[PDB]
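One-based numbering along the sequence shown.
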Amino acid sequence: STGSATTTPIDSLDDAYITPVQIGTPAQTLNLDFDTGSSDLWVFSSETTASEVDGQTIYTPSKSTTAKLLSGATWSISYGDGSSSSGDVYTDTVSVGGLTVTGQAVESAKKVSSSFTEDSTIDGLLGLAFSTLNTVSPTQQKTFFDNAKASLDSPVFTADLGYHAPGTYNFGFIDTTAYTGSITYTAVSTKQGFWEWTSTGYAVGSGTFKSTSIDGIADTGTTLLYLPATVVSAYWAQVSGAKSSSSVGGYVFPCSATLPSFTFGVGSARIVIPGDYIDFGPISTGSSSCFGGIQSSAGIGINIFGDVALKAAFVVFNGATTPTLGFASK
Ligand SMILES: N[C@@H]1CO[C@H](CNC(=O)c2ccc(F)cc2)[C@H]1O
């Protein structure tokens, strides 16, 4: 089997991407944030505290003839940005772009933190990291990909995120028309439950390539590119007027600036992030200070190749017995 779904930026800055997902019988379509940095499929629901729902589409398990309460199961997750959600669990039929999984754990939110409430466009998350990170207790549950994997033509999914434009998530096949040149594959460590890999280095603009190992995770659920402070300082030093602002919470730059590209290494291959991918616009409405898309990972504990990096590539998440990651230019 295969599946193919379009993923769409939630706003003009590409803060996140949403993908329609069919849950239950008859189908209830919710727009979920596909997140390769977490492993829970959770949704706004009829069980979510009323005051914490503001415009989201909800899943109502009582209206689904295939929903079954997963007796005694609860979940609770806190993300790297401090956001959180928790609730109980149903199993139900879940379809993505024509690919169907029966008995998928659908985690129903009873509580969500304010940032989720405030994002009217995101109806929940669909985790695509390794199932060892799934928070359901007392019986850990599998991700959608994990459940689908054996049925897929090939045990892979791909992320093809657009810049200020829609893109595609494919399951079970590699669309050879969706990228240029070749796909370069690189080793993955699953020890922390992430799609963790090691970049071979970087360049800033037309500068020389610096060979240096950068361990990080491929994370579709994080907006920005978080890298070591040395690397990030080298990037912003090429932008006149750029500075790290403690009050704003990262590097900012004059909105009048032209940003240089940023290149990262995948083995001997190179992925070039165009300068305008690194512009996240005025820090507040009307400001001439703009927020940078490359930020320090120093206060995180891990480097994160988020959407800023991934959207510059066609990315293969290979879930073979020994998982690997593939990157191609596009
Ligand atoms: N606009 C700036 C650029 O990226 C920063 C961090 N990203 C988010 O705050 C964010 C992430 C996911 C989401 F669904 C909504 C917002 C943000 O301050």
Side-chain angles (χ1 to χ4, degrees), residues 7-18 33-38 79-81 122 128 158-169 179 194-197 199-205 207 214-239 242 244 248-253 255 257-266 269-283 289-300 302-315 317 325 327-330:
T7 191
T8 304
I10 64 166
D11 60 26
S12 66
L13 300 178
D14 299 347
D15 278 314
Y17 298 78
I18 49 174
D33 186 349
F34 284 23
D35 180 13
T36 61
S38 68
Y79 298 99
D81 62 353
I122 293 176
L128 291 169
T158 65
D160 182 7
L161 302 180
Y163 166 67
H164 296 350
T168 306
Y169 282 103
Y179 57 88
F194 302 117
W195 294 91
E196 188 176 351
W197 64 292
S199 173
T200 48
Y202 71 98
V204 177
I214 304 170
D215 183 286
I217 65 171
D219 184 4
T220 58
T222 292
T223 314
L224 305 185
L225 175 52
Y226 295 89
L227 290 175
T230 49
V231 178
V232 175
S233 183
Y235 178 80
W236 289 108
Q238 298 305 308
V239 181
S244 183
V248 177
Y251 281 89
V252 296
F253 67 95
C255 293
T258 302
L259 298 177
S261 62
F262 184 90
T263 301
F264 63 93
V266 182
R270 307 288 181 253
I271 299 298
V272 180
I273 307 172
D276 56 7
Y277 290 26
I278 298 159
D279 174 21
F280 280 75
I283 57 173
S289 293
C290 278
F291 198 67
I294 295 176
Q295 298 292 346
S296 178
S297 65
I300 298 182
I302 194 155
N303 300 306
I304 307 175
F305 294 87
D307 297 334
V308 163
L310 300 184
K311 76 177 66 173
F314 178 89
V315 188
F317 295 78
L325 276 168
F327 293 82
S329 297
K330 66 187 182 190

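The closest side-chain heavy-atom distance from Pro260 to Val239 is below 4.5 Å. When side chains are defined from C-beta on, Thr220 does not count as touching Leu128, because their heavy atoms never get closer than 4.5 Å. Using a 4.5 Å heavy-atom threshold, the side chains of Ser329 and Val272 count as separate. No side-chain heavy atom of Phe194 sits under 4.5 Å from any side-chain heavy atom of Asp219. Counting heavy atoms from C-beta on, the side chains of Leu225 and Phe305 come closer than 4.5 Å.
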Stepwise side-chain hydrogen bond (donor to acceptor under 3.5 Å, both in side chains) test for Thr223 and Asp15 = CA-CA 5 Å; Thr223 314; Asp15 278 314; 4.5 Å; no
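Note that CG of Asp81 and OG1 of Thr222 are 7.5 Å apart. Values are rounded to the nearest 0.5 Å. Residue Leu224 holds its CG atom at 8.5 Å from CG of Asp307, rounded to the nearest 0.5 Å. If you take CZ on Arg270 and CZ on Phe327, they are separated by 13.0 Å, rounding to the nearest 0.5 Å. With rounding to the nearest 0.5 Å, the separation of CD in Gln295 from CD1 in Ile278 is 11.0 Å. Distance CZ/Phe253 to CZ/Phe291: 10.0 Å, rounded to 0.5 Å. To the nearest 0.5 Å, atom CG of residue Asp276 and atom CG of residue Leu259 are 8.0 Å apart.
Residues forming a side chain to side chain contact (heavy atoms under 4.5 Å, CB included) with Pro9 (at least two apart in sequence, or on another chain): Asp14, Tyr17. Residues forming a side-chain hydrogen bond (donor to acceptor under 3.5 Å, both in side chains) with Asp33 (at least two apart in sequence, or on another chain): none.
Although no hydrogens or angles enter the test, the distance criterion places no donor-acceptor pair under 3.5 Å between the side chain of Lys311 and the main chain of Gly306. With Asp160 contributing its side chain and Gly167 its backbone, the two residues share no donor-acceptor pair below 3.5 Å.
Using a 30° and 60° split on the angle between ring planes, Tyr235 and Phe262 fall in the perpendicular class, above 60°.
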